[PDB]
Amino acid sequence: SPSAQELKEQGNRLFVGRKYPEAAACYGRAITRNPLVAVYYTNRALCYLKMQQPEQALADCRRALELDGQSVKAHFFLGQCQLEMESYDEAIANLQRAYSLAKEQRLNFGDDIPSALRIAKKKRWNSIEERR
């Protein structure tokens, strides 16, 4: 009968072990005990991205954003989902928003967000080149 916190911590351990479906299931159990914690959903979204399930990740980003509209990770993971779906303008907007929010919040993710923006812009440009 583990607590929500214990379940999140177990999920995190499984994530370290690269056991992504197991980690995601654990975050689901945490959500069952307390569904009002945005971090459970962004953690699970990351698992779904690693599992190549952007649709499931996107839904979790939406749940996260309803609880925490300022979530840097929700915007970033949303952008990644949208890139997989070939929705480039949306993806770039979400990555730009993640960058802006991280700055406002003084968070340090190294060059991760700018790197993602460059990938997104490169992919958008490639899509244009692929069609002419």
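We number the residues from 1 along the sequence you see.
Engineer: Using only the Cα atoms and their B-factors as the entry lists them, report which of 99-107 and 23-31 averages higher.
Structural biologist: The entry gives the higher C-alpha B-factor average to 99-107.
Engineer: Per the entry, where is the mean C-alpha temperature factor higher: 84-92 or 36-44?
Structural biologist: Mean B over CA atoms: larger for 84-92.
Engineer: Would you mind checking where the Cα B-factor of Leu117 ranks among the modelled residues of its chain, as the lowest, middle or highest third?
Structural biologist: It falls in the middle third of the chain.
Engineer: Hey, what third does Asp68 fall into on Cα B-factor, ranked over its chain?
Structural biologist: Tercile = middle for this residue's CA B-factor.
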